[PDB]
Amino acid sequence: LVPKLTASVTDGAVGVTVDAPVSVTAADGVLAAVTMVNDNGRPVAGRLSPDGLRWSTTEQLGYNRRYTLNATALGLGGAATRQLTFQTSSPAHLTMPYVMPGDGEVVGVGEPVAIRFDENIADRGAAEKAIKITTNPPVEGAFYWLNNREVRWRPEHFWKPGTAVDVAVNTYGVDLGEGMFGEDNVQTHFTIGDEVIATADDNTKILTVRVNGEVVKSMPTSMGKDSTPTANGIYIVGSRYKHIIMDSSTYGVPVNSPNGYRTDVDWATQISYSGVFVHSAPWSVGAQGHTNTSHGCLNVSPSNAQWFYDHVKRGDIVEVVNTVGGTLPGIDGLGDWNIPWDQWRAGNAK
C-alpha cells in the first residue's frame, strides 16, 4: 500500500479558526517531513509524535494569515507529498475578557465567577459555550448577563467553604458575533473560604457579623435616612480601602445637587456598585444604633469599620432587612443573589 496523508485543514480553505491546532496524520506509512510557514515565509513551530504518525502545531496561530503546509509520508509501499494553503479568520473587532476574582484568591461564599469583556457581545451564547467552569466538589450553576459586556456564573445557593473553582475563558479564535473575535484566552482559579454573613436589621440598627454561623461582632449602625434609604436584600462584598473619597458623581448623583456629596472616609468596604459602603463615621456615632442619617452607606464606628476591613473579605455577604427602601437590583454589580434561581438558571443569552 501507498502511504496516506490526512490534515485537519483542507487546501484552499478560508475562515479557518485559530482556536485549535493544525495537524497532519500519516497512515500506511510515517511522516518524513512536515513544515508550515506563514505568508512571509517564517516557520510555525510544531511537533511530530515519536511513532512518526502525527504532527501538530504547538504555538498560537494568527488571525488574518495565509499559511502553507507541506507534508511527505513514506512507507514500505511508496511516498506521498501534499501542499495545502489556507487562510485563518479575519476579525472585524477584537474583545479582551477580564476575569474576577483574582487568580489564587480565597473569597467568600457569595462570590460569583465574573467574565467582563471590553466590548459588547453580540452572541452571548458563543461566549458562554467558550467558558469552562470546573467546581470541586461539583455543583450546578449557570450564566447570567448583568449588561452587554459582563456575564456571571453562580450556583443556586452560596458556595460551600473549601470548594475549588477553575475558570477557563477559551475565547481566542472564537467568533463572539458580528465578526468580533476573542483577543486571547484567560484562566483563573480560586477557592471559597469561610462562611461570613453580616446582617443589618433596620429594626435594631445593628450590623451583626456571623462566621460559620456564630455571632462574632455586633456593630451599631446608621443606614440611609428616609429620603435616601439603604435598599434591603443580599449584597456581595467587593473592594476595600483604608481610605477613599466617596464622590456621588461616581454613582450618578452630582455633588452640588440635593443628595450629592463628596466625603473622605476611612476603612471603607464596598458592597454595591450603586455606592453603598460600610465605613467609619465618627460624626454619626451618636445616631448609630438609634437613627438613620446617611445617604445609603452603613455608617459604623471607626473601630468597627476597621474590624470589618480586617475580617471581611471579597465575596462575603451583607444582608439588609426591614429598611424603608426597596430591594437592591439583581444587576447592580454586587446584587446577583437577589435574582431568583429559576430566573438566573434560565439565563438571558437571548
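The term rigid core refers to the most C-alpha atoms you can superpose between the two forms while keeping them within 1.5 Å. One rule holds for the numbers: they count along the sequence shown, beginning at 1.
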| item | value |
| --- | --- |
| Stretch departing more from the displayed form, 149-157 or 245-253, Cα RMS in 7 other deposited structures of this protein (core fit) | 245-253 |
| Divergent stretch in 7 other deposited structures of this protein, 104-112 or 255-263 [C-alpha RMS, superposed by the core] | 255-263 |
| Other entries lacking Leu84, at least a third | yes |
| Missing-residue flag, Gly75, threshold a third of other entries | yes |
| Mean Cα B-factor comparison, 179-187 or 83-91, giving the higher one as deposited | 179-187 |
| Segment of higher mean CA temperature factor, 9-17 or 333-341 | 9-17 |
| Among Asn299, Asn70, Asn38, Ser56 - the residue whose C-alpha B-factor is largest in the record | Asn38 |
| Peak C-alpha temperature factor (PDB record), options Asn203, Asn232, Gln270, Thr199 | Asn203 |
| Chain-wide C-alpha B factor ranking for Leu74, given as lowest, middle or highest third | highest |
| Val276, C-alpha B-factor rank within chain (lowest, middle or highest third) | lowest |
| Ranked against its chain, the third holding the CA B-factor of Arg47 | highest |
| Chain-wide C-alpha B factor ranking for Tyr63, given as lowest, middle or highest third | middle |
| Third of the chain's Cα B-factor distribution that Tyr144 belongs to, per the entry | lowest |
